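The structure appears right after this line, and notes come after that.
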Amino acid sequence: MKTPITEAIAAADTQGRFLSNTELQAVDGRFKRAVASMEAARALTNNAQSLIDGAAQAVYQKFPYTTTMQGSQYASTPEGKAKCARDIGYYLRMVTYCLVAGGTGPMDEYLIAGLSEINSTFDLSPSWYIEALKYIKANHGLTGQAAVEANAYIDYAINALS
Amino acid sequence: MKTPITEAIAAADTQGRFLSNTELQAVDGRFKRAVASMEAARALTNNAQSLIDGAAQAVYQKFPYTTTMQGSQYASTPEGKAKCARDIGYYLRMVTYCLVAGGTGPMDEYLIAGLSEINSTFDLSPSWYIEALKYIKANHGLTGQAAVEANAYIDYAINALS
Amino acid sequence: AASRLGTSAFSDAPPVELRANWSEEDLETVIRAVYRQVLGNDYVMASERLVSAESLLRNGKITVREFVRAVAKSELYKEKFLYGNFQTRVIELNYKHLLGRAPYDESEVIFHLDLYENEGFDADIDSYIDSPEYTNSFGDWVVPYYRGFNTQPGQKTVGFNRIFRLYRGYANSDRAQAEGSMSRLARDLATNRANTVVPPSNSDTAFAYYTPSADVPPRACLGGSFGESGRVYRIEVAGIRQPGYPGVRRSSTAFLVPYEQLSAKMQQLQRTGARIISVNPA
Amino acid sequence: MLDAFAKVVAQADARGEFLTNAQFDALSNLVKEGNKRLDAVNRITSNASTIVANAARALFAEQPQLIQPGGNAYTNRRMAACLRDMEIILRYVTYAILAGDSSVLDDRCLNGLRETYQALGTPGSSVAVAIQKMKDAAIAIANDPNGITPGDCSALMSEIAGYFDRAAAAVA
Amino acid sequence: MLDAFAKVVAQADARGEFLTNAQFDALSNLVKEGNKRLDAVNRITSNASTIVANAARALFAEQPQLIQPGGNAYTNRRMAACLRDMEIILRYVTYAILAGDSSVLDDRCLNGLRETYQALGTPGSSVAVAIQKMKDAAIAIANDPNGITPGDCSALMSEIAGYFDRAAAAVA
Amino acid sequence: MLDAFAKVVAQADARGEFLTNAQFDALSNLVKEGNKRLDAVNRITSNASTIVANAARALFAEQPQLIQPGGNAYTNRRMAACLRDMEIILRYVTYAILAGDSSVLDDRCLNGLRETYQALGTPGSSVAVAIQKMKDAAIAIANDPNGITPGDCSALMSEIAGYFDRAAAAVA
Amino acid sequence: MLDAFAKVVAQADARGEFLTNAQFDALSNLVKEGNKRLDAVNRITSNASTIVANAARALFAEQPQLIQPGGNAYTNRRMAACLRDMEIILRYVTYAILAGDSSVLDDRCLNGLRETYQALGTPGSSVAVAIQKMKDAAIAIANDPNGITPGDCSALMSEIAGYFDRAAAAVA
Amino acid sequence: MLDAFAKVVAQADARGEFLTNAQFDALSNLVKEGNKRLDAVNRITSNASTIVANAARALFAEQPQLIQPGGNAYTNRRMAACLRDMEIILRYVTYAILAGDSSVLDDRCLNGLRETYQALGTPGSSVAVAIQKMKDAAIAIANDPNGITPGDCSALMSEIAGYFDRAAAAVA
Ligand SMILES: CCC1=C(C)/C(=C/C2=NC(=C\c3[nH]c(/C=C4\NC(=O)[C@H](C)[C@H]4CC)c(C)c3CCC(=O)O)/C(CCC(=O)O)=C2C)NC1=O
Ligand SMILES: CCC1=C(C)/C(=C/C2=NC(=C\c3[nH]c(/C=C4\NC(=O)[C@H](C)[C@H]4CC)c(C)c3CCC(=O)O)/C(CCC(=O)O)=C2C)NC1=O
Ligand SMILES: CCC1=C(C)/C(=C/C2=NC(=C\c3[nH]c(/C=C4\NC(=O)[C@H](C)[C@H]4CC)c(C)c3CCC(=O)O)/C(CCC(=O)O)=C2C)NC1=O
Ligand SMILES: CCC1=C(C)/C(=C/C2=NC(=C\c3[nH]c(/C=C4\NC(=O)[C@H](C)[C@H]4CC)c(C)c3CCC(=O)O)/C(CCC(=O)O)=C2C)NC1=O
Ligand SMILES: CCC1=C(C)/C(=C/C2=NC(=C\c3[nH]c(/C=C4\NC(=O)[C@H](C)[C@H]4CC)c(C)c3CCC(=O)O)/C(CCC(=O)O)=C2C)NC1=O
Ligand SMILES: CCC1=C(C)/C(=C/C2=NC(=C\c3[nH]c(/C=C4\NC(=O)[C@H](C)[C@H]4CC)c(C)c3CCC(=O)O)/C(CCC(=O)O)=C2C)NC1=O
Ligand SMILES: CCC1=C(C)/C(=C/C2=NC(=C\c3[nH]c(/C=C4\NC(=O)[C@H](C)[C@H]4CC)c(C)c3CCC(=O)O)/C(CCC(=O)O)=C2C)NC1=O
Ligand SMILES: CCC1=C(C)/C(=C/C2=NC(=C\c3[nH]c(/C=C4\NC(=O)[C@H](C)[C@H]4CC)c(C)c3CCC(=O)O)/C(CCC(=O)O)=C2C)NC1=O
Ligand SMILES: CCC1=C(C)/C(=C/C2=NC(=C\c3[nH]c(/C=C4\NC(=O)[C@H](C)[C@H]4CC)c(C)c3CCC(=O)O)/C(CCC(=O)O)=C2C)NC1=O
Ligand SMILES: CCC1=C(C)/C(=C/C2=NC(=C\c3[nH]c(/C=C4\NC(=O)[C@H](C)[C@H]4CC)c(C)c3CCC(=O)O)/C(CCC(=O)O)=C2C)NC1=O
Ligand SMILES: CCC1=C(C)/C(=C/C2=NC(=C\c3[nH]c(/C=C4\NC(=O)[C@H](C)[C@H]4CC)c(C)c3CCC(=O)O)/C(CCC(=O)O)=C2C)NC1=O
Ligand SMILES: CCC1=C(C)/C(=C/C2=NC(=C\c3[nH]c(/C=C4\NC(=O)[C@H](C)[C@H]4CC)c(C)c3CCC(=O)O)/C(CCC(=O)O)=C2C)NC1=O
């Protein structure tokens with residue numbers, strides 16, 4: 001994954017040289033920031049259930065047609081709304097992963113790289129996952145540096161979907 | 001050069017992408033440690049002459065045969081003693097350049113590259129410079145993280161000679 | 001006509017594929033030749049050679065194609081050419097070092113540049129390496145050579161002209177050339193303009209003839225010229241130094257001269273010391 | 001590719017004398033305002049796409065001859081190339097801002113751009129106008145007095161403007 | 001050649017629309033600071049000889065290869081030629097400063113100058129270094145705050161630097 | 001690459017005809033003095049490293065500005081390149097001696113060297129001085145009268161001088 | 001300058017043989033229909049001004065972009081140049097009609113025309129349209145059956161059409 | 001162009017060292033062999049007409065295609081030009097012989113000549129053959145021992161042959 005530590009390791013590997021003080025400084029910076037990132041991730045996962053359900057309702061309200069229009073892509077049937085909730089949960093799990101990984105690596109490997117193709121084939125309108133992520137961005141309940149870093153990742157996802 | 005700032009720029013340039021948060025964090029770390037790096041550079045250059053002279057005497061003591069054996073590679077003549085002083089001065093000047101550049105860039109560009117070739121053709125055994133660098137590492141009289149950075153670059157040179 | 005043009009002897013192909021792929025000695029030769037072609041005859045110091053690649057190279061885990069790509073994408077190559085030159089100039093250098101030719105038309109720059117802009121440089125080198133041309137002329141077991149001199153593949157005539165702009169001699173390296181640090185085949189490539197062949201220096205005076213058409217007479221006479229019997233011969237010259245009234249101005253330039261006057265003009269030019277590059281009918 | 005620190009080091013190496021106290025102080029001043037430089041590049045990179053898009057729509061509104069048939073930014077392929085060459089300039093200017101030195105901008109983008117454009121026949125003056133549009137957009141976005149700890153950053157803004165101006169003058 | 005006024009008129013004529021109010025305001029701003037342009041040109045031209053002499057001594061001290069036997073700036077004839085061409089570049093740059101546009105500089109001095117030096121065999125890199133020496137000397141003399149009515153002439157000084165940079169990048 | 005025999009054959013091929021008796025006698029003279037040629041090339045090749053090293057020390061003692069900071073034989077990378085180039089000139093001259101013709105010397109080694117050094121900035125005259133140092137050293141080593149069966153060798157020594165001279169003049 | 005007679009002589013001189021009876025017969029046919037040739041030249045030259053003027057009006061009516069601001073036949077100086085070049089082509093075609101061969105047309109007004117127009121920016125396709133307009137007008141005025149003695153002139157008409165077409169093909 | 005003395009002086013000036021004793025003795029040898037040089041040039045110039053005429057007769061006998069119709073010496077104008085060029089080569093070679101160096105031979109002759117014949121269409125290989133015929137004629141006329149004070153002149157004859165060969169090979 002595209003972790004800062006891992007990226008430095010790969011940069012040194014391509015040149016075949018032992019890790020110089022530049023890479024060590026970079027990883028030290030990541031360790032110094034990791035305290036805030038990990039506290040934020042713990043908070044988000046302890047409160048995950050509320051956020052996932054609220055986001056599902058948020059998209060059902062902003063786009064009522066999506067829960068009343070026939071089609072497999074729509075959540076009118078109970079199975080469809082369950083799948084919508086499951087996908088929102090995937091997004092939240094990825095945001096916690098990228099919080100603890102100190103970069104956008106996890107998001108890019110398990111999302112982003114591929115989202116366009118799948119959103120076209122399975123008729124998954126990006127707008128749905130834009131509005132849900134905005135709800136999460138507003139109800140995350142974090143404060144301080146945790147709030148800014150988590151919102152940075154969530155907006156990365158928003159700007160990648162659209 | 002292989003300067004932290006320049007390295008980040010090159011990493012973004014090879015992939016044709018705008019500067020990502022990872023590289024910006026790395027450069028921020030560089031700026032945060034620059035205060036100590038510049039302090040160390042100041043300290044080394046303020047005692048430069050004493051360090052050069054002491055290192056010269058150190059190698060004369062460790063390898064007495066270099067002050068007696070006849071030959072151009074040896075410092076038995078006064079001209080050779082001047083050459084020895086000049087080259088130890090080169091090494092110390094390069095260490096200060098590396099201290100201010102925050103990376104091994106200057107060392108690799110103005111030294112190391114082809115160090116083996118020159119030391120073989122002019123019959124200048126690397127061990128001489130290795131001992132001199134050890135003396136510099138022990139007498140520069142630094143403390144703290146400034147000391148660790150300076151010692152790291154000196155040892156980079158030592159291992160490169162070996 | 002070999003010595004003057006510069007192709008001293010480029011008359012064979014060095015493969016490494018063998019039962020003894022190492023061949024105990026031949027592999028040393030192959031490694032040297034790859035360094036000479038990929039890095040543009042740059043003098044690589046012993047410490048900065050790409051030892052990791054050579055390890056796999058003798059082991060047989062990687063083929064010559066993989067070795068060439070490894071050098072091309074390694075920072076050794078990037079510091080010399082990729083980072084430090086205009087991007088189009090870098091495209092020209094890639095064509096010279098990996099495919100042993102010069103850009104035949106502007107579409108080449110379009111395609112490679114777009115790769116660089118979106119996919120990244122690594123993908124650009126990938127495209128050169130696995131293009132049909134590299135796969136055919138070379139074979140994952142054959143060091144790239146300058147096949148631009150030979151015309152067998154199928155190419156625009158201009159290609160010959162253009163390759164002689166990039167190759168300025170056996171000794172020359174693209175890190176160190178007369179017109180270096182700026183695009184060598186960019187203004188011409190957009191206009192599909194031919195280039196006069198500038199012979200590399202050989203134990204006689206050299207005067208690299210830049211040919212910006214910004215201020216030169218047209219290739220053709222575009223008229224009757226003086227109107228004397230016979231056509232109009234275009235004479236180029238580079239080293240005009242003796243008659244500097246404000247400073248001569250435009251030391252390298254061409255003059256369209258009617259046939260009857262050529263002799264006179266010639267001696268005048270020789271008096272200034274410029275060695276006539278070419279005399280082409282217009 | 002040399003940043004400010006590397007530029008001073010290389011010049012000092014050409015002379016061959018240890019960095020003097022004055023040079024040390026200068027570099028320390030550069031580091032003292034480094035956080036501002038980092039924030040500026042961060043903000044500009046986050047809005048890069050919008051910067052180039054708004055500047056493009058303005059350029060084609062003020063110079064319609066470009067998008068009229070037979071003009072240089074017509075046929076939708078050349079339009080793509082035009083947007084590409086605006087974002088390229090923005091990217092290399094961002095590199096220059098982070099470095100603190102214009103060497104990258106002058107060596108890998110501006111070095112020969114004018115010749116390429118005039119050989120193409122595409123108007124260099126119009127390219128400069130586009131650069132200026134991007135200049136005002138980026139300078140407004142980066143200096144936006146909202147969201148972060150307030151301070152005096154006029155010097156850094158002047159430097160950013162200097163980079164943009166250098167590009168505009170070098171292309172036209 | 002086109003000066004600033006002529007450049008705006010020529011662009012407006014090419015598009016075929018009466019000069020718009022924005023262009024008028026721009027030209028009024030230019031004339032409002034015209035006295036500053038005139039003062040700068042006067043100050044640089046009255047110190048031409050000292051500028052070129054100081055820059056030359058510095059160049060030959062920093063790059064001794066030029067004055068070594070067998071180098072390019074040797075034999076006392078080529079030394080005279082080198083000084084003459086350095087002052088020629090300074091002269092066309094002063095013309096450009098007074099004009100407000102680089103058209104004259106790009107049409108007479110640096111126009112096809114790269115080819116000239118490349119054929120002659122002179123190092124163009126060294127010429128660029130010499131132009132840079134002249135740049136710092138001239139900008140210091142022109143921006144000298146003592147001797148005249150105080151004010152901020154920094155924009156014009158940056159423009160002068162831009163002209164010098166354009167020449168230095170076009171020769172090397 | 002043409003050797004002596006090949007040179008005569010190529011001229012004869014240009015003119016068609018058939019090898020004349022004079023040409024036969026010339027080649028016979030070449031072969032009857034061949035042992036001398038081989039001995040000379042063996043002696044020069046056996047002491048190649050010391051020839052290059054001694055000449056290099058002399059060059060840097062005579063022209064110290066090359067190895068002073070900021071000169072072209074500085075920074076330990078360019079020093080390696082300079083030693084490399086000296087050895088390469090010696091190697092191609094040795095090739096020429098064995099061949100008996102200077103075609104190899106001008107076809108690969110001197111083919112383009114002049115512009116290479118002109119662009120690098122390396123003083124060509126100093127390189128010529130270095131080649132001349134090597135010329136004296138190598139010719140003395142080959143003309144050493146002790147160690148081998150004595151006999152006339154002055155013609156071959158003059159030929160060696162001629163090769164070194166050709167290289168030195170072409171670089172300068 | 002080679003007319004029909006000169007062309008026959010030149011080919012015969014290349015072979016080194018006296019003109020064959022067939023060549024004599026061809027030139028005799030040329031002279032026996034010479035009055036037609038010179039009559040056509042006279043009619044074309046008598047209406048030259050009207051031919052060029054009417055064709056110019058038609059070209060600018062068919063392709064208004066040329067005379068719109070910015071177009072290459074705008075600002076009244078380039079308009080004069082355009083009319084001049086149209087009449088130049090007419091003049092060289094008239095020369096070719098009198099001579100009987102296209103040598104003059106291909107040597108003195110068609111040789112480098114394409115490259116010059118390409119560099120200028122002049123649209124070559126538009127120039128071809130213009131010359132074809134002139135072609136129809138001149139053909140009609142020369143072929144008018146009223147006003148002169150009746151006869152057959154079709155071969156000469158085809159020849160003049162061929163020369164106009166040659167010019168159109170070279171410029172575009 | 002230079003002469004032998006001037007050539008040595010110029011090289012030594014480029015390197016920047018007073019003329020060494022080795023160079024002095026070389027030049028003294030040249031002057032001790034001076035009267036021979038002057039005699040040779042006097043005899044060649046006095047028989048210039050006969051040299052060129054005999055060589056021309058031989059060339060056209062050995063290569064009949066030149067004077068046949070359609071060949072490059074045909075038409076009696078090109079024949080005059082060919083004789084002129086052969087005499088021109090002889091004239092510049094005589095200049096060179098007196099000078100003692102091939103500087104004049106490369107500075108005002110042979111430079112551009114090679115491409116001149118390729119452009120005109122004249123075969124350069126035939127020109128080379130003609131120069132060789134002239135070489136034989138001139139060498140014989142200079143080396144005739146009868147009519148002049150006897151002595152050794154083989155070295156001078158070899159030098160003359162070298163000049164002739166240089167021209168003949170480099171023109172083809
Ligand atoms: C970890 C990253 C990841 C993502 C992003 C992902 C997306 C994803 N969403 C899917 C389907 C789906 N997604 C929805 C979601 C919605 N229905 C609505 O009404 C809403 C407006 C919307 C939520 C915002 C529905 C109903 C399906 C089922 C459609 C089907 O089976 O055809 C499917 C097809 C398989 C399935 O039925 O679940 C995939 C692969 N899968 C992944 O592994
Ligand atoms: C700035 C980077 C840089 C370095 C490092 C450098 C090293 C360097 N040191 C050299 C020589 C030398 N180095 C020494 C050094 C010593 N002699 C002794 O007895 C001691 C044990 C020892 C001190 C540790 C001597 C005596 C010479 C002179 C060589 C000679 O006369 O042959 C030479 C040979 C040519 C010359 O004299 O310059 C080089 C290139 N050059 C460079 O440009
Ligand atoms: C992923 C990084 C990497 C590894 C690990 C690697 C291993 C590696 N080691 C090799 C050689 C070798 N390695 C050894 C090593 C040893 N000899 C001993 O006596 C010891 C017990 C041992 C060292 C502790 C030897 C002797 C050879 C030479 C084999 C030969 O050429 O005959 C070779 C053969 C080809 C070559 O030399 O390039 C490979 C591929 N190559 C790589 O790129
Ligand atoms: C150093 C990095 C770099 C730059 C800058 C660069 C410039 C560059 N821009 C190009 C195209 C272009 N560039 C423009 C640019 C513009 N047109 C306008 O109307 C505007 C005024 C302006 C944008 C604001 C246009 C119209 C083309 C297409 C030209 C054509 O197809 O004829 C081309 C032609 C080849 C192609 O389209 O692929 C090059 C080489 N190339 C490079 O490698
Ligand atoms: C096989 C025939 C052949 C030759 C001769 C040749 C010359 C040659 N010499 C070079 C460099 C060089 N050449 C020198 C030479 C010298 N500097 C001095 O002070 C001395 C006076 C002089 C030695 C006598 C130096 C210092 C460089 C390195 C410059 C650099 O890379 O920055 C370079 C390019 C830069 C590099 O090394 O990457 C080439 C191509 N190339 C060839 O293929
Ligand atoms: C009005 C515009 C204009 C320009 C720009 C110009 C340049 C110019 N400078 C020249 C000469 C020269 N220029 C230089 C310049 C330099 N020598 C060095 O060592 C330095 C590296 C560099 C200055 C820093 C030299 C040495 C010559 C003489 C070259 C020779 O005689 O071989 C020449 C050759 C002919 C002559 O000397 O008259 C031209 C054409 N002439 C012009 O009319
Ligand atoms: C990963 C790179 C990075 C970022 C994003 C970052 C953010 C960052 N911005 C800051 C403040 C600041 N930001 C500014 C910037 C401005 N002043 C203005 O008037 C303008 C509107 C604007 C220019 C963009 C200033 C002056 C400060 C406070 C002092 C400083 O640290 O520079 C501070 C210090 C005070 C605080 O904690 O709020 C941080 C840590 N730090 C970093 O290392
Ligand atoms: C022969 C043509 C001509 C000249 C040369 C001229 C000079 C001139 N410059 C002036 C002002 C001035 N001169 C400056 C100049 C400067 N301020 C700075 O900080 C810099 C160091 C420097 C510019 C680089 C300023 C700021 C003013 C006042 C505002 C202005 O009029 O431009 C004034 C008016 C105030 C005064 O001095 O009485 C005059 C008359 N007037 C003329 O008709
Ligand atoms: C490996 C291939 C090979 C080589 C290289 C070779 C060389 C070779 N050259 C020879 C002759 C010679 N060696 C010399 C040597 C000299 N006399 C002098 O006064 C000078 C100081 C010096 C010139 C460098 C001469 C003049 C001859 C010719 C006479 C003869 O052939 O015996 C001889 C016989 C006597 C001797 O050793 O000199 C050998 C073996 N033979 C071979 O099969
Ligand atoms: C001032 C110089 C000069 C002129 C102009 C001139 C004209 C001239 N044209 C003639 C014939 C002629 N002209 C034509 C012409 C034509 N037939 C056609 O169908 C076309 C409409 C037209 C082509 C334009 C024909 C058919 C003849 C008679 C046959 C001939 O002699 O060519 C004749 C002989 C019969 C006659 O009196 O009409 C003269 C004298 N003679 C001169 O000395
Ligand atoms: C002072 C230095 C100098 C030289 C050398 C020189 C040569 C020279 N010879 C020429 C012509 C010519 N040269 C020849 C020569 C030859 N025809 C043959 O069959 C032979 C193979 C060959 C003689 C050996 C011919 C035939 C022409 C005329 C070409 C033409 O009119 O088309 C021309 C073309 C212009 C002209 O007619 O003069 C030049 C420039 N001019 C000079 O100023
Ligand atoms: C006005 C100009 C001028 C001329 C021309 C001149 C000729 C001249 N040629 C001379 C000798 C000579 N001339 C020759 C000439 C030759 N020997 C040969 O075997 C060849 C066939 C031929 C030359 C290729 C030789 C060998 C000598 C005596 C040695 C010498 O010149 O040094 C001498 C000295 C003895 C004598 O009078 O013969 C003079 C004065 N003196 C002059 O002042």
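Residues in the structure tokens are named by chain (A, B, ... in the order shown) and by number from 1 within that chain; ligands are numbered from 1 in the order shown.
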Please provide as a PyMOL selection string all residues within 8 Å of range 80-88 of chain B, with the sequence filter that same-chain residues fewer than 3 positions apart are discarded (counting only C-alpha atoms).
chain B and resi 52-53+55-56+72-77+91-92+129+132
9 Å contact set for residue 128 in chain D, only C-alpha atoms, chain neighbours under 2 positions out, as a PyMOL selection string
chain D and resi 124-126+130-133+165+167-172
Create the file for the chosen residues now, containing N, CA, C and O atoms and written as an mmCIF file, in the first residue's frame.
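The file below, part.cif, is the result:
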data_model
loop_
_atom_site.group_PDB
_atom_site.id
_atom_site.type_symbol
_atom_site.label_atom_id
_atom_site.label_comp_id
_atom_site.auth_asym_id
_atom_site.auth_seq_id
_atom_site.Cartn_x
_atom_site.Cartn_y
_atom_site.Cartn_z
ATOM 1 N N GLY D 124 1.434 32.901 -28.994
ATOM 2 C CA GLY D 124 2.072 32.935 -27.688
ATOM 3 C C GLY D 124 1.512 34.010 -26.779
ATOM 4 O O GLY D 124 1.435 33.823 -25.558
ATOM 5 N N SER D 125 1.106 35.143 -27.357
ATOM 6 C CA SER D 125 0.513 36.217 -26.569
ATOM 7 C C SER D 125 -0.754 35.749 -25.868
ATOM 8 O O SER D 125 -0.987 36.064 -24.692
ATOM 9 N N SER D 126 -1.587 34.993 -26.580
ATOM 10 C CA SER D 126 -2.800 34.469 -25.968
ATOM 11 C C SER D 126 -2.465 33.503 -24.841
ATOM 12 O O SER D 126 -3.149 33.477 -23.810
ATOM 13 N N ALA D 130 -3.639 33.672 -20.914
ATOM 14 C CA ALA D 130 -4.143 32.553 -20.128
ATOM 15 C C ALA D 130 -3.348 32.390 -18.839
ATOM 16 O O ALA D 130 -3.922 32.123 -17.771
ATOM 17 N N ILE D 131 -2.026 32.543 -18.919
ATOM 18 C CA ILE D 131 -1.198 32.439 -17.722
ATOM 19 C C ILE D 131 -1.625 33.478 -16.700
ATOM 20 O O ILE D 131 -1.683 33.203 -15.500
ATOM 21 N N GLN D 132 -1.921 34.689 -17.160
ATOM 22 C CA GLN D 132 -2.317 35.744 -16.231
ATOM 23 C C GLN D 132 -3.666 35.447 -15.587
ATOM 24 O O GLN D 132 -3.879 35.743 -14.400
ATOM 25 N N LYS D 133 -4.598 34.883 -16.357
ATOM 26 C CA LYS D 133 -5.867 34.463 -15.767
ATOM 27 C C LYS D 133 -5.632 33.449 -14.654
ATOM 28 O O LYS D 133 -6.176 33.576 -13.543
ATOM 29 N N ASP D 165 4.350 35.362 -13.565
ATOM 30 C CA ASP D 165 4.757 36.397 -14.507
ATOM 31 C C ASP D 165 5.944 35.943 -15.336
ATOM 32 O O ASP D 165 6.021 36.233 -16.536
ATOM 33 N N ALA D 167 6.683 32.943 -16.277
ATOM 34 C CA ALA D 167 6.190 32.060 -17.331
ATOM 35 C C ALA D 167 5.525 32.854 -18.450
ATOM 36 O O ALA D 167 5.810 32.645 -19.640
ATOM 37 N N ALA D 168 4.645 33.789 -18.083
ATOM 38 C CA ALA D 168 3.904 34.532 -19.100
ATOM 39 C C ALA D 168 4.844 35.315 -20.001
ATOM 40 O O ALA D 168 4.640 35.382 -21.219
ATOM 41 N N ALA D 169 5.878 35.921 -19.421
ATOM 42 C CA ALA D 169 6.831 36.678 -20.222
ATOM 43 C C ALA D 169 7.691 35.760 -21.079
ATOM 44 O O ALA D 169 8.047 36.113 -22.208
ATOM 45 N N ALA D 170 8.038 34.579 -20.565
ATOM 46 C CA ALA D 170 8.931 33.707 -21.316
ATOM 47 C C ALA D 170 8.227 33.052 -22.495
ATOM 48 O O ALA D 170 8.881 32.701 -23.483
ATOM 49 N N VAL D 171 6.909 32.873 -22.420
ATOM 50 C CA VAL D 171 6.227 32.206 -23.525
ATOM 51 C C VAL D 171 5.879 33.189 -24.637
ATOM 52 O O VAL D 171 5.945 32.848 -25.823
ATOM 53 N N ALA D 172 5.499 34.411 -24.286
ATOM 54 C CA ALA D 172 5.113 35.390 -25.296
ATOM 55 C C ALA D 172 6.297 36.254 -25.701
ATOM 56 O O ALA D 172 7.417 36.048 -25.241
#
Between chain H and chain G, at 10 Å or less, what are the per-residue closest atom pairs and their distances in Å? Count only C-alpha atoms, order by chain and rising residue number, and return it as a tab-separated table.
residue	atom	partner	partner_atom	distance
H:68	CA	G:16	CA	8.5
H:69	CA	G:16	CA	5.3
H:70	CA	G:14	CA	5.1
H:71	CA	G:14	CA	8.8
H:75	CA	G:13	CA	9.2
Residues of chain A near chain C: apply a cut-off of 9 Å, count only C-alpha atoms, and supply the list as a PyMOL selection string.
chain A and resi 14-16
Selection from above, C-alpha atoms, as an mmCIF file, in the first residue's frame, can you write it?
data_model
loop_
_atom_site.group_PDB
_atom_site.id
_atom_site.type_symbol
_atom_site.label_atom_id
_atom_site.label_comp_id
_atom_site.auth_asym_id
_atom_site.auth_seq_id
_atom_site.Cartn_x
_atom_site.Cartn_y
_atom_site.Cartn_z
ATOM 1 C CA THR A 14 14.770 1.225 -6.647
ATOM 2 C CA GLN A 15 18.157 2.899 -6.174
ATOM 3 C CA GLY A 16 19.623 0.019 -4.166
#
Could you list the protein, DNA and RNA residues that have any atom within 10 Å of ligand 12, counting only C-alpha atoms and all ligand atoms, and write them as a PyMOL selection string?
chain H and resi 30-44+139-157+160
Once chain H is best-fit onto chain G by all Cα atoms in order, what RMSD in Å is left?
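Per the least-squares fit, the RMSD is 0.5 Å.
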